[PDB]
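Chains as they are written, first to last, in the authors' numbering: chain A, 6 to 213, 217 to 306, 311 to 331; chain B, 1230 to 1252, 1261 to 1278; chain C, 1033 to 1082; chain D, 100 to 148; chain E, 2 to 163, 174 to 305; chain F, 2 to 196, 201 to 305.
Ideal placement from N, C-alpha and C gives every residue a C-beta, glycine not left out.
Here's the structure, in structure tokens; my notes come after.
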């Protein structure tokens, strides 16, 4: 049976042969070239049998993933399967150790106000502790934010694929390089899931013209502040398919409110580490003309995309 | 062999071409004085 | 007149024709079976590669 | 050379040397009008003008 | 295999004027608005973001190009304009025309500028279908920064009147070039200029005291090749800052926060996306380049 | 549509001692200065530009690395080497030898650098063709692009002491600058007790580049007046120092400025790229004791 049936997969799933054409022996050059156009005349016509042989032609589809480790309390016990994933590194405890942060996580790392995010504060309170749920393992929450060093140690990773939740260690396989294939539901990929609290759109206006494409870019940003004279960050996301030179001049128009009150503070004091501002990371290009699908979870309004190729640029400073 | 040298003023141990042509543009006199050019070929 | 004489180097480019000779049976040649790879092919233009 | 008579050679040696091939690259292009491709190979086999 | 493909249908024929303006230009770069096979004529060139009666600028129109994807011409038929776009990883062959003949080489770094030398040079007239097609200009690093270098000079000196040889001529190695500046919309340029007090005022405060002392030792008796820009005259401030004993770990922690903002100048001194020629002929001008979005 | 195995000609054989030193590493990232594979050895490496004779230069070398295609080795053969050509989004494999060692943390940003070390554990002499093979400095970015951080301040105060030897302490300038502190593992550099001078093309600039930075923002503020003029520049008075706003422009007049201004305009973009244009890789799968990782790269 194995040689009988299972061959008929691999007797058919092979790529096509790069067709060989004999130069010399002139009675065999014409036998070659005749069987090219009869192979080419299939790929023109829209009839039924002519179609499916134009489908074995396939590009390179192979992105590689990441086998991580998580202290399973630092893992919120559910995830919406398409989160962003950070990887925080200060010092290795054991040989092969890792810690991960979701976009629901980083709200709980400063103890920030509910005015900057009144949506996920009710959400991400049950998912973790009270900000001290990750202060047990890192006593340097302040000094990275004090010296301006938190914005460099985070390595952007990508979306999830599937994670095995266990008693003490949650095993996470993330996604990189492009299209993250899902596991439980085949033929559909990992839908990257961003909340409606954190993605800030860039396009909205009066009717008053912009070019379309296949390229809208999601930006990973970071904005300092100091609430109660305590060091504290702000996870803020974006979505814009409008080049690099515009959005740094547009993120500054978004976060003008921080900078105005900021130099009211340090008008009469000079701390050189308080002068750097933030950084930008690029995570990948959603096809512009697609839909951010408003999906409701635990409330927690979440946008989800489709066919998300992924990349990672360096953290680029801005004011 | 009747004389040992034309001049040591081009053939000193610290010769004037080694004074000049051991160290962008083209260099014609680089071909004799640079000792590593002798070591090239 | 200064007390020294002096030597001068001068380079010179010349484009020159040449004569190449070969002898018998020095190389053994072969024949490959080439492939045909289409690229960038529209209803207008059908371009190949060998 | 054959031996003897005041003639002392440096008798038979055998080189055995493995030599290397040398690859070369030839690239060429062919264009075809797609109209003339279709008429030569039609689903119907009536003759042509 | 994939077939990226753009062909522009037309409703009224090319004229004898715009034939030779376009038959001569068989290879260049022009943008698009929408990615299809077909396209109306009112979306091809630079003429969407710029027009004759609308006062153009030299910033946002260039800044508009980062949104688009940009295409390469193939043919000029009397009906149709045949093009192809740029696949994010694919090689092509492009051969420039441009009447400011500049010399490329193999292994270069090219970008695309909007036309800053002369507009009537670039703005071709389209008597058939009205909508002009303004051509963007394919340009290397050494020119592409130097006119952006030239711009941020001049629009400061546009107010210093309220002259011409000092403030517009592109100091290229060999030639100078007057730009086309009479009636612009310099308010987006006014942003970028006021975006420099965001940096150049603020970079000045954390300048370390150590490297400033080298300037006092420099101009007196230790004159270096390019540094005769000072012309043997100090700035007034150079003796007014060096009062500190040169404490090292102060200046260590000063140069870290300085080192951040040097990468921030990329976000304000951007060009368009980037071209990677590896093989190139000078007598032919044809290249071989893969697409890198920037 | 793939062939990445490039055999590059020597003209003779290697030495005898350089068997195992070239068996000490089997995979590294070398440059490839030729689109074709029918190639000499006198064009692949940094010896097309950087060698003994040329002046010690940084920016053209910084221009060169992203200009030049890379390649990854697989095996050392006595006739020739084996280069696998760099495409965008390319898989490769690293088995390192770098002196000093730099720890390869996975999933960070992993750059390519110009070297500055002692050139005895940094190159291998081939007198078979007159070609010192130059491995590029391959250090992760937070170490790598900030390797210049401690060095630069350590470099500038040696110049003032070269004209006035009563200014700078030596053993105090060492300690904070000789040891790069990241991950908690301290790393010591190579000190160069011969007489650094490669960095003349940065530090001699950066002192001239610190001249008119608090001079350019005098007239820039009061120039282009609207009420549409930017709001944060009123807020940004709280940064600029007190002596900066006390400069008289009696010293330098308006048509005299044009040469002195444009130089300060010139180095505020030419410097901005050479810390950004460090082409760069990432590790997805890493091995520690084996030092045989599987990773990926895109030149940028």
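Item, Value
"DSSP state of residue 158 (chain F) mapped onto helix, strand, coil", "helix"
"At least three beta-carbon pairs within less than 8 Å, the segment 110 to 119 of chain A to the segment 236 to 243 of chain A", "yes"
"Within-8 Å CB hit, residue 80 (chain F) to chain D", "yes"
"Buried or exposed (CB count within 10 angstroms, at least 16 for buried), residue 164 (chain F)", "exposed"
"Residue 245 (chain A), enclosing alpha helix (DSSP H) - first and last residue", "Looking at the DSSP string, residue 245 (chain A) is not in any alpha helix (DSSP H); the run it does join, the beta strand (DSSP E), is 243 to 245."
"Segment contact flag, the segment 127 to 138 of chain A with the segment 260 to 272 of chain A, C-beta cutoff 8 Å, min 3 pairs", "no"
"Short CB-CB distance (under 8 Å) between residue 1265 (chain B) and chain C", "yes"
"Distance cut-off 7 Å: residue 1247 (chain B) Cβ against heavy atoms of the ligand NAD", "Questions concerning the ligand NAD fall outside what the structure shown contains, since it holds no ligand whatsoever."
"Residue burial classification, residue 105 (chain F) (beta-carbon count within 10 angstroms, cutoff 16)", "buried"
"Candidates F:241, F:219, F:18, F:209, of which the one nearest residue 236 (chain E) by Cα", "F:209"
"Residue from A:27, A:74, A:126, A:154 whose Cα sits closest to the Cα of residue 99 (chain A)", "A:74"
"Residue-level contact to chain A via CB, residue 180 (chain F), 8 Å cutoff", "no"
"Minimum Cβ-Cβ distance from residue 1246 (chain B) to chain F less than 8 Å", "no"
"Residue-chain proximity (residue 177 (chain E), chain A), Cβ-Cβ < 8 Å", "no"
"Beta carbon proximity, residue 1075 (chain C) to chain D, threshold 8 Å", "yes"
"is_contact[residue 199 (chain F), chain A] using C-beta, thresh 8 Å", "Any structural detail on residue 199 (chain F) is unavailable, because chain F resumes at 201 straight after 196."
"Interface flag, residue 1059 (chain C) vs chain B, CB-CB below 8 Å", "no"
"Residue-chain proximity (residue 46 (chain A), chain D), Cβ-Cβ < 8 Å", "yes"
"Within 7 Å of chain C by C-beta, residues of the segment 123 to 149 of chain A in sequence order", "none"
"Residue ranges of each alpha helix (DSSP H) within the segment 175 to 234 of chain E, 4 or longer", "198 to 205, 211 to 214, 220 to 232"
"Separation of residue 68 (chain A) from residue 122 (chain F), as counted between CA atoms", "36 Å"
"Residue-level contact to chain D via CB, residue 56 (chain A), 8 Å cutoff", "no"
"Simplified DSSP assignment, three categories, for residue 65 (chain F)", "helix"
"Collapsed DSSP secondary structure at residue 316 (chain A) in the structure displayed", "strand"
"Beta-carbon neighbours of residue 1069 (chain C), restricted to chain D and to distances below 7 Å", "Going along chain D, no residue has its Cβ under 7 Å from residue 1069 (chain C), so there is no contact; the nearest lies around 11 Å."
"Cα-Cα separation, residue 159 (chain A) to residue 200 (chain E)", "35 Å"
"Cutoff 8 Å: residue 54 (chain F) Cβ touching any chain B Cβ", "yes"
"Residue 143 (chain D), DSSP secondary structure in three states", "coil"
"Cβ-Cβ distance between residue 316 (chain A) and residue 303 (chain A) below 8 Å", "yes"
"Limits of the alpha helix (DSSP H) - the one that residue 79 (chain E) falls within", "That residue, residue 79 (chain E), is in no alpha helix (DSSP H); it is neither H nor E in DSSP."
"Collapsed DSSP secondary structure at residue 289 (chain A) in the structure displayed", "strand"
"Test item: CB-CB of residue 204 (chain A) and residue 156 (chain A) under 8 Å", "no"
"Contact with chain F by residue 102 (chain A), beta-carbon distance below 8 Å", "no"
"Assigned secondary structure, residue 40 (chain A) (DSSP; H/G/I helix, E/B strand, else coil)", "helix"
"Residue 4 (chain E): contacting residues in chain C (beta-carbon distance under 8 Å)", "1072, 1073, 1074"
"Cβ-based burial, residue 96 (chain E) [other Cβ within 10 Å; buried from 16]", "exposed"
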